[PDB]
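What follows is a single structure, written as structure tokens, with notes after it.
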Amino acid sequence: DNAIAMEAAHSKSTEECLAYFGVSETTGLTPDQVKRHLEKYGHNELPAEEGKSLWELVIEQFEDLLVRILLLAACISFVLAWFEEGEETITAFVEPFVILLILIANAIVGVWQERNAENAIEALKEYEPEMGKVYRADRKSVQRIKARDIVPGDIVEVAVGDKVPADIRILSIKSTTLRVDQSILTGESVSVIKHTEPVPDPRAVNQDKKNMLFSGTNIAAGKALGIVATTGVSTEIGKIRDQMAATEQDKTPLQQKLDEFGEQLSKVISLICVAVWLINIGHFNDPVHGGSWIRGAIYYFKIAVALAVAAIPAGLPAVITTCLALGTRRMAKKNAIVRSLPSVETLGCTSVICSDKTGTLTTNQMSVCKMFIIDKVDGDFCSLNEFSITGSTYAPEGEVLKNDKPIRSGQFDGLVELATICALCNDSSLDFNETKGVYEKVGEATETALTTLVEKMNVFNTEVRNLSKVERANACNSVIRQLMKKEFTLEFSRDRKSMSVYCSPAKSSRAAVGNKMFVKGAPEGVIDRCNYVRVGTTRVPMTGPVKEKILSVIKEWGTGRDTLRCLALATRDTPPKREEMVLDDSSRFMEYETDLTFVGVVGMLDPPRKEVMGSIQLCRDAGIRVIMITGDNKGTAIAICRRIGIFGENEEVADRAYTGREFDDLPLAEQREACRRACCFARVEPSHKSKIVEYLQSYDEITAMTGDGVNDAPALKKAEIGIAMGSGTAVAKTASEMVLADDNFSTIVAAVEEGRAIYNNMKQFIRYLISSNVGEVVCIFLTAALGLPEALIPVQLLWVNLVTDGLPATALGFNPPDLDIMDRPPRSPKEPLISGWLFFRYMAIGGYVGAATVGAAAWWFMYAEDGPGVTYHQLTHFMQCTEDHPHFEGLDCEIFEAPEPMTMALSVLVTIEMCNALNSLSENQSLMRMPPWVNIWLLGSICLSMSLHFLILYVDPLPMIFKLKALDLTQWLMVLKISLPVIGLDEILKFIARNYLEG
Ligand SMILES: C/C=C(/C)C(=O)O[C@H]1C(C)=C2[C@H]([C@@H]1OC(=O)CCCCCCC)[C@@](C)(OC(C)=O)C[C@H](OC(=O)CCC)[C@@]1(O)[C@H]2OC(=O)[C@@]1(C)O
Ligand code: NA
């Protein structure tokens, strides 16, 4: 290793650290070393975010392909609105202003999101304090400077309440003990004890670096001196920041398809422009003299703008946002806080969920269920006294049972010592809450279950029914505390997996014989140090058959259908002398906890959630793999998976469950192979959550991942759906896409089902709005191919694509979900929205729509009483009316600009899209099977859309702008004559889809 700054500062001794930087602990760094170390390693801060300027942000709103076409069409419309002959400019610059206003309003929204968006990398800067206390050679006393000026090798001073400015190797602990709140890294807020002795492993995890102060953590209690190892992005919190900055998050499948849509849509538009130019090649055979090339050119640029406006679903991005935000409020009531709108689709395509066990799959409400001591040992004969405890709460309510029979715990000398261990070898307590009315825990959940246990046992038969409620919490515990005097506690450490307390009797003023040590820890580790076995009050040497009997029961309790976490309890009858014990060396604690005497074993249960059982079953029906990540041993982790439904009760899982150690010993090839079949990970290393995601993403799995600490932030950001707990850190939240407000696993599944039901409705109105843009383009191409006057103008099309079609599309987001949502495998991300026979249907609808609108306008020019007796051959040559009058003699040439034919065309387009919205209630189901009144919102929206159509037909300022006129009752019949059968057309195509394609 040859990167930068102090490498394995935790494995180096305090002398090797001071000699590395060449800095004295009493004086500190010289002002020359401050300049030198600041120039080499830089300042102690996370790098600033890229100040995306407002101008750069506005330009980003005009980088999409479709908004470029509208901008270009806005320019042509702006030019055409200038170079024109007339005096009516109240309806000239209207069209370009609307296109611009939509573009401006569109750019406004994009900025409104970026101003209100906050990345998780900037949330990490919440854990870096402003000031820091250092000792340098230019002064005597301690001086507080800005934390960004602290350099590696500095002699820093921290105390309780301070926030650790940098990664600090502890030199000297001035106070009695040092407790640090490393809650921002992991999830446990339990303060850990630090020391000054080196940790012999260079590649030890942060949990074992018991001589380090991590940048961002809080000093819980004490005061210490230390030397700065790393600063900036080299800290443990800074190494996480670099992993998050380097993580790239892809666009959602819908976003990738929309970007794909604009690509091909842009190609088709130009191709249509080519085709229109190819149809009117015959103008080359027309004489140069005669005709208006100035008027022939405006016509081609006029239909160009109309072609662009007819193609772009300008209302679609608003309906998606409306549908998403309304669905997000809906998920909020189901405890699913969705932080990113587009994630709702991604949540529906979820195929693999990786959830932590504790707090999510389980309730984190510990409770001691079973316990056993030694009944007697007579050579090879060996018997145990197994008991059972009732009450799943922390409340001291319940009794101890032996063979389903209530027993008095005070009648078993082994259970007396069992309770003494649990009450004294414990740093937690109880507290009866008067606001809530329940018994709450004070400390860890494991040690509190032991506190509840000694209250239920009551080995001394203390009068507890006479005491009050608040005094009932710590009744039997206090009785045991008055007996033995806790001298000191040997803290827990993962190396020996046990803790102990040194106790001396109360009445003992002039004595040195009588001390005891009470050890509590993991069964395998503690039993191996036991050379004796307590039986009631006596003691016998620990043999082989007896020791196997103990482990076998611990195996049955942890692997069986009980799924219990077992803790061995032992006592050191002859503890080492008080003076021969060094309390600063945590490496000699396992030494002090030797030559023990086995007492008994308690078995506690972390019960799974009452809804996890069936939620796992839905994922099986929905084709969603569930993976458990826990800290239980592999045997218990597998047993818990069998309990909640992940594993079958009797299926082979030798290749479907791995520990952190097992996973690392696998090569990268068998690692990626292990992730496609595993559903259980125990004792997971910190870097393994991201590795599991990458391997899952290599099989194109849409992966959800759970976390709550900054340690989980790189994995949350990398996963498609990062899922943070409402009780987690704010960094884990900002790094996640969804927050579980109740930390319940079942909320994940409920949000996936909701995410599926929203997209199925999203498919409809996406396919509905685009189907309208299809038929509109056909109408523009027909009126361009045939040489007809414009049937629809861009002003009208925008009203249709934003208002007239926007209300039904939004109502299509409220379509009732199917009954087999979670009975189908997850949707393929590559699955296109329109293809195959559905492609042909909208191909036929669009051809029909484009003909119906072009025909309705041409119908008024010809076969209408209100209209002229114009024929087909002159309607196509209408631009020659003003010049070649004898060829088209009859009426005014201004009649080819009448509003009546455009209104007929517009009213037809509106009526069809109202009918076509009903056809969008179901993809292939008929309206006879699924009636239109299935969606009341759709019917109401259609009523509103028509009422807004008559609005722009009568309210005098409006029909002048949109160039419309009120239709006669007869002309409205012709609208329905040509609009209504669009239902029969699509209904036939549905029948075909149901009887000759479903196989
Ligand atoms: C809106 C107007 C139409 C003309 C258009 O340009 O859309 C096309 C195109 C972009 C696709 C097509 C359209 O293609 C045509 O309709 C062929 C036009 C030829 C007519 C000339 C004959 C004289 C969609 C619209 O066709 C119809 C038939 O439904 C379907 C689908 O669209 C979707 O699934 C929507 C995805 C947001 C897309 O194939 C899509 O391209 C792919 O990327 C997808 C996946 O988008
Ligand atoms: Na993420």
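Residues in the structure tokens are numbered from 1 in each chain, the chains being A, B, ... in the order shown, and ligands are numbered from 1 in the order shown.
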
Chain A residues near ligand 1 within 7 Å, closest pair each, using only C-alpha atoms and all ligand atoms, as a tab-separated table:
```
residue	atom	partner	partner_atom_place_in_ligand_line	distance
A:257	CA	ligand 1	37 (C)	5.7
A:258	CA	ligand 1	37 (C)	4.7
A:260	CA	ligand 1	43 (O)	4.8
A:261	CA	ligand 1	43 (O)	3.8
A:262	CA	ligand 1	10 (C)	6.5
A:264	CA	ligand 1	10 (C)	4.4
A:265	CA	ligand 1	10 (C)	3.8
A:268	CA	ligand 1	6 (O)	5.0
A:269	CA	ligand 1	6 (O)	6.5
A:311	CA	ligand 1	1 (C)	4.6
A:312	CA	ligand 1	1 (C)	6.9
A:766	CA	ligand 1	37 (C)	6.5
A:767	CA	ligand 1	35 (C)	6.2
A:770	CA	ligand 1	1 (C)	5.8
A:771	CA	ligand 1	29 (O)	6.0
A:773	CA	ligand 1	1 (C)	4.6
A:774	CA	ligand 1	2 (C)	3.6
A:777	CA	ligand 1	2 (C)	5.6
A:832	CA	ligand 1	45 (C)	5.2
A:833	CA	ligand 1	34 (O)	3.9
A:834	CA	ligand 1	34 (O)	3.6
A:835	CA	ligand 1	39 (O)	6.3
A:839	CA	ligand 1	28 (C)	4.3
A:840	CA	ligand 1	28 (C)	5.9
A:842	CA	ligand 1	29 (O)	4.8
A:843	CA	ligand 1	28 (C)	4.3
```

Next, write the just-selected residues to a file, as a PDB file, in the first residue's frame, keeping N, CA and C atoms as the atom set.
```pdb
ATOM      1  N   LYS A 257     -37.048   4.707 -22.979  1.00  0.00           N
ATOM      2  CA  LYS A 257     -37.951   4.537 -24.111  1.00  0.00           C
ATOM      3  C   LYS A 257     -38.424   5.881 -24.652  1.00  0.00           C
ATOM      4  N   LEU A 258     -38.654   6.852 -23.764  1.00  0.00           N
ATOM      5  CA  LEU A 258     -39.038   8.185 -24.215  1.00  0.00           C
ATOM      6  C   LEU A 258     -37.910   8.842 -25.000  1.00  0.00           C
ATOM      7  N   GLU A 260     -35.682   7.173 -26.602  1.00  0.00           N
ATOM      8  CA  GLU A 260     -35.709   6.415 -27.848  1.00  0.00           C
ATOM      9  C   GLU A 260     -36.820   6.913 -28.763  1.00  0.00           C
ATOM     10  N   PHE A 261     -37.988   7.216 -28.189  1.00  0.00           N
ATOM     11  CA  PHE A 261     -39.117   7.696 -28.981  1.00  0.00           C
ATOM     12  C   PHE A 261     -38.770   8.994 -29.700  1.00  0.00           C
ATOM     13  N   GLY A 262     -38.199   9.957 -28.973  1.00  0.00           N
ATOM     14  CA  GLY A 262     -37.829  11.219 -29.593  1.00  0.00           C
ATOM     15  C   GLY A 262     -36.815  11.055 -30.708  1.00  0.00           C
ATOM     16  N   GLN A 264     -36.508   8.424 -32.883  1.00  0.00           N
ATOM     17  CA  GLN A 264     -37.184   7.990 -34.099  1.00  0.00           C
ATOM     18  C   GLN A 264     -38.218   9.010 -34.553  1.00  0.00           C
ATOM     19  N   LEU A 265     -38.896   9.663 -33.606  1.00  0.00           N
ATOM     20  CA  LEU A 265     -39.854  10.699 -33.977  1.00  0.00           C
ATOM     21  C   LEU A 265     -39.174  11.820 -34.749  1.00  0.00           C
ATOM     22  N   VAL A 268     -38.618  10.512 -38.306  1.00  0.00           N
ATOM     23  CA  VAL A 268     -39.825  10.408 -39.124  1.00  0.00           C
ATOM     24  C   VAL A 268     -40.241  11.776 -39.645  1.00  0.00           C
ATOM     25  N   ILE A 269     -40.173  12.800 -38.789  1.00  0.00           N
ATOM     26  CA  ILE A 269     -40.576  14.146 -39.191  1.00  0.00           C
ATOM     27  C   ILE A 269     -39.807  14.585 -40.430  1.00  0.00           C
ATOM     28  N   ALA A 311     -46.722  16.065 -34.064  1.00  0.00           N
ATOM     29  CA  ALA A 311     -45.945  14.899 -33.660  1.00  0.00           C
ATOM     30  C   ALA A 311     -45.668  14.863 -32.160  1.00  0.00           C
ATOM     31  N   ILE A 312     -45.314  16.000 -31.569  1.00  0.00           N
ATOM     32  CA  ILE A 312     -44.866  16.063 -30.180  1.00  0.00           C
ATOM     33  C   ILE A 312     -46.046  15.900 -29.228  1.00  0.00           C
ATOM     34  N   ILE A 766     -50.067   6.890 -22.070  1.00  0.00           N
ATOM     35  CA  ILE A 766     -48.929   7.109 -22.959  1.00  0.00           C
ATOM     36  C   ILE A 766     -49.279   6.651 -24.367  1.00  0.00           C
ATOM     37  N   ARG A 767     -49.831   5.442 -24.482  1.00  0.00           N
ATOM     38  CA  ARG A 767     -50.278   4.938 -25.772  1.00  0.00           C
ATOM     39  C   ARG A 767     -51.471   5.713 -26.315  1.00  0.00           C
ATOM     40  N   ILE A 770     -50.051   9.359 -27.585  1.00  0.00           N
ATOM     41  CA  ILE A 770     -49.224   9.202 -28.775  1.00  0.00           C
ATOM     42  C   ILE A 770     -50.069   8.759 -29.961  1.00  0.00           C
ATOM     43  N   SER A 771     -51.044   7.878 -29.721  1.00  0.00           N
ATOM     44  CA  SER A 771     -51.982   7.504 -30.774  1.00  0.00           C
ATOM     45  C   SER A 771     -52.654   8.733 -31.372  1.00  0.00           C
ATOM     46  N   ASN A 773     -51.210  11.809 -31.413  1.00  0.00           N
ATOM     47  CA  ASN A 773     -50.158  12.452 -32.194  1.00  0.00           C
ATOM     48  C   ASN A 773     -49.924  11.729 -33.512  1.00  0.00           C
ATOM     49  N   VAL A 774     -50.194  10.424 -33.553  1.00  0.00           N
ATOM     50  CA  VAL A 774     -50.049   9.669 -34.795  1.00  0.00           C
ATOM     51  C   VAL A 774     -51.075  10.138 -35.819  1.00  0.00           C
ATOM     52  N   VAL A 777     -50.535  13.619 -37.288  1.00  0.00           N
ATOM     53  CA  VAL A 777     -49.508  13.710 -38.320  1.00  0.00           C
ATOM     54  C   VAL A 777     -50.046  13.204 -39.654  1.00  0.00           C
ATOM     55  N   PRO A 832     -41.158  -2.990 -25.028  1.00  0.00           N
ATOM     56  CA  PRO A 832     -41.597  -1.717 -25.606  1.00  0.00           C
ATOM     57  C   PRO A 832     -43.068  -1.462 -25.321  1.00  0.00           C
ATOM     58  N   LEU A 833     -43.440  -0.181 -25.384  1.00  0.00           N
ATOM     59  CA  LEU A 833     -44.806   0.210 -25.054  1.00  0.00           C
ATOM     60  C   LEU A 833     -45.787  -0.154 -26.162  1.00  0.00           C
ATOM     61  N   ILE A 834     -45.389   0.008 -27.423  1.00  0.00           N
ATOM     62  CA  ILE A 834     -46.237  -0.317 -28.564  1.00  0.00           C
ATOM     63  C   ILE A 834     -45.424  -1.146 -29.546  1.00  0.00           C
ATOM     64  N   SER A 835     -45.972  -2.288 -29.954  1.00  0.00           N
ATOM     65  CA  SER A 835     -45.279  -3.185 -30.869  1.00  0.00           C
ATOM     66  C   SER A 835     -46.269  -4.221 -31.385  1.00  0.00           C
ATOM     67  N   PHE A 839     -49.053  -2.151 -32.565  1.00  0.00           N
ATOM     68  CA  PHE A 839     -48.506  -1.212 -33.539  1.00  0.00           C
ATOM     69  C   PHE A 839     -49.444  -1.059 -34.730  1.00  0.00           C
ATOM     70  N   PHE A 840     -49.955  -2.180 -35.242  1.00  0.00           N
ATOM     71  CA  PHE A 840     -50.842  -2.128 -36.397  1.00  0.00           C
ATOM     72  C   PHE A 840     -52.171  -1.462 -36.063  1.00  0.00           C
ATOM     73  N   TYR A 842     -52.891   1.077 -33.810  1.00  0.00           N
ATOM     74  CA  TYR A 842     -52.701   2.521 -33.866  1.00  0.00           C
ATOM     75  C   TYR A 842     -52.307   2.972 -35.264  1.00  0.00           C
ATOM     76  N   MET A 843     -51.697   2.079 -36.043  1.00  0.00           N
ATOM     77  CA  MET A 843     -51.431   2.379 -37.444  1.00  0.00           C
ATOM     78  C   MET A 843     -52.733   2.552 -38.216  1.00  0.00           C
TER      79      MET A 843
END
```

Q) Which parts of region 320-454 of chain A does DSSP call helix (DSSP H, G or I) when run on the backbone here, written out as an MDAnalysis selection string? A) chainID A and resid 320:333 343:348 357:361 409:411 413:424 445:454

How close does chain A get to ligand 2? List, as CSV, each residue of chain A within 12 Å, its nearest atom pair and the distance in Å to one decimal, counting only C-alpha atoms and all ligand atoms.
```
residue,atom,partner,partner_atom_place_in_ligand_line,distance
A:119,CA,ligand 2,1 (Na),10.7
A:120,CA,ligand 2,1 (Na),9.9
A:244,CA,ligand 2,1 (Na),9.5
A:245,CA,ligand 2,1 (Na),11.8
A:247,CA,ligand 2,1 (Na),9.0
A:248,CA,ligand 2,1 (Na),9.2
A:249,CA,ligand 2,1 (Na),6.9
A:250,CA,ligand 2,1 (Na),9.6
A:251,CA,ligand 2,1 (Na),11.2
A:252,CA,ligand 2,1 (Na),11.6
A:338,CA,ligand 2,1 (Na),11.9
A:339,CA,ligand 2,1 (Na),10.5
A:340,CA,ligand 2,1 (Na),9.7
A:342,CA,ligand 2,1 (Na),11.9
A:343,CA,ligand 2,1 (Na),9.4
A:346,CA,ligand 2,1 (Na),11.0
A:347,CA,ligand 2,1 (Na),11.6
A:690,CA,ligand 2,1 (Na),11.3
A:693,CA,ligand 2,1 (Na),11.0
A:702,CA,ligand 2,1 (Na),11.4
A:703,CA,ligand 2,1 (Na),10.0
A:704,CA,ligand 2,1 (Na),9.0
A:705,CA,ligand 2,1 (Na),8.9
A:706,CA,ligand 2,1 (Na),10.6
A:707,CA,ligand 2,1 (Na),11.2
A:712,CA,ligand 2,1 (Na),10.8
A:713,CA,ligand 2,1 (Na),8.6
A:714,CA,ligand 2,1 (Na),8.3
A:715,CA,ligand 2,1 (Na),7.6
A:716,CA,ligand 2,1 (Na),4.9
A:717,CA,ligand 2,1 (Na),3.0
A:718,CA,ligand 2,1 (Na),5.1
A:719,CA,ligand 2,1 (Na),5.1
A:720,CA,ligand 2,1 (Na),5.5
A:721,CA,ligand 2,1 (Na),5.6
A:722,CA,ligand 2,1 (Na),4.7
A:723,CA,ligand 2,1 (Na),8.3
A:724,CA,ligand 2,1 (Na),10.1
A:731,CA,ligand 2,1 (Na),11.9
A:732,CA,ligand 2,1 (Na),9.9
A:733,CA,ligand 2,1 (Na),9.9
A:734,CA,ligand 2,1 (Na),9.0
A:735,CA,ligand 2,1 (Na),5.9
A:736,CA,ligand 2,1 (Na),5.1
A:737,CA,ligand 2,1 (Na),5.7
A:738,CA,ligand 2,1 (Na),9.0
A:739,CA,ligand 2,1 (Na),11.6
```

If we count only C-alpha atoms, what is near residue 589 (chain A) at a cut-off of 10 Å, once residues fewer than 3 positions away on the same chain are taken out, given as an mmCIF file with N, CA and C atoms, in the first residue's frame?
```
data_model
loop_
_atom_site.group_PDB
_atom_site.id
_atom_site.type_symbol
_atom_site.label_atom_id
_atom_site.label_comp_id
_atom_site.auth_asym_id
_atom_site.auth_seq_id
_atom_site.Cartn_x
_atom_site.Cartn_y
_atom_site.Cartn_z
ATOM 1 N N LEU A 490 -15.503 -5.607 31.685
ATOM 2 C CA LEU A 490 -14.687 -5.877 30.504
ATOM 3 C C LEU A 490 -15.599 -5.823 29.283
ATOM 4 N N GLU A 491 -15.420 -4.793 28.456
ATOM 5 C CA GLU A 491 -16.338 -4.520 27.361
ATOM 6 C C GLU A 491 -16.355 -5.670 26.358
ATOM 7 N N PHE A 492 -17.423 -5.714 25.567
ATOM 8 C CA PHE A 492 -17.534 -6.716 24.519
ATOM 9 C C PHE A 492 -16.531 -6.429 23.408
ATOM 10 N N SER A 493 -16.074 -7.495 22.756
ATOM 11 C CA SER A 493 -15.182 -7.385 21.612
ATOM 12 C C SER A 493 -15.412 -8.587 20.710
ATOM 13 N N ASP A 495 -13.496 -10.237 18.969
ATOM 14 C CA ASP A 495 -12.427 -11.230 18.911
ATOM 15 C C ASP A 495 -12.730 -12.433 19.797
ATOM 16 N N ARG A 496 -13.289 -12.199 20.986
ATOM 17 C CA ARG A 496 -13.636 -13.277 21.900
ATOM 18 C C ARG A 496 -15.137 -13.486 22.041
ATOM 19 N N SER A 498 -17.611 -12.039 23.862
ATOM 20 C CA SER A 498 -18.046 -12.144 25.249
ATOM 21 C C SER A 498 -17.694 -10.855 25.979
ATOM 22 N N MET A 499 -18.395 -10.624 27.088
ATOM 23 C CA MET A 499 -18.087 -9.542 28.010
ATOM 24 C C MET A 499 -18.210 -10.073 29.430
ATOM 25 N N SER A 500 -17.631 -9.337 30.376
ATOM 26 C CA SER A 500 -17.612 -9.788 31.758
ATOM 27 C C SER A 500 -17.571 -8.590 32.694
ATOM 28 N N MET A 581 -4.567 -7.135 36.947
ATOM 29 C CA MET A 581 -5.443 -6.925 35.801
ATOM 30 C C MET A 581 -5.211 -5.531 35.234
ATOM 31 N N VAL A 582 -4.839 -5.471 33.960
ATOM 32 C CA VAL A 582 -4.717 -4.217 33.225
ATOM 33 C C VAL A 582 -6.023 -3.994 32.476
ATOM 34 N N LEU A 583 -6.675 -2.866 32.748
ATOM 35 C CA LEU A 583 -7.981 -2.572 32.176
ATOM 36 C C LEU A 583 -7.898 -1.755 30.890
ATOM 37 N N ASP A 584 -6.708 -1.285 30.515
ATOM 38 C CA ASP A 584 -6.541 -0.576 29.254
ATOM 39 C C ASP A 584 -6.309 -1.519 28.084
ATOM 40 N N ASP A 585 -5.855 -2.742 28.350
ATOM 41 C CA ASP A 585 -5.537 -3.710 27.303
ATOM 42 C C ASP A 585 -6.752 -4.601 27.075
ATOM 43 N N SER A 586 -7.490 -4.328 25.999
ATOM 44 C CA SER A 586 -8.639 -5.146 25.629
ATOM 45 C C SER A 586 -8.243 -6.472 24.987
ATOM 46 N N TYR A 592 -8.354 -12.868 30.828
ATOM 47 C CA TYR A 592 -8.976 -12.751 32.143
ATOM 48 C C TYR A 592 -10.244 -13.591 32.246
ATOM 49 N N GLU A 593 -10.905 -13.855 31.120
ATOM 50 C CA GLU A 593 -12.128 -14.656 31.093
ATOM 51 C C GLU A 593 -11.852 -16.129 30.830
ATOM 52 N N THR A 594 -10.789 -16.678 31.407
ATOM 53 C CA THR A 594 -10.467 -18.091 31.286
ATOM 54 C C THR A 594 -10.744 -18.807 32.602
#
```

Q: Give the strand (DSSP E or B) residues of region 231-395 of chain A, as assigned by DSSP on the backbone, as a ChimeraX atom specification.
A: /A:336-338,352-356,362,368-378,381-389

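Neighbours of residue 856 (chain A) closer than or equal to 6 Å, with only C-alpha atoms counted and sequence neighbours fewer than 3 positions away skipped, come out as residues 852, 853, 859, 904 and 905 of chain A.
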
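With only C-alpha atoms as the basis for measurement, A:866 is the residue among A:611, A:378, A:138, A:866 that approaches residue 968 (chain A) most closely.
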
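For the choices A:81, A:237, A:807, A:104, the atom-to-atom distance to residue 61 (chain A) is smallest for A:104 when using only C-alpha atoms.
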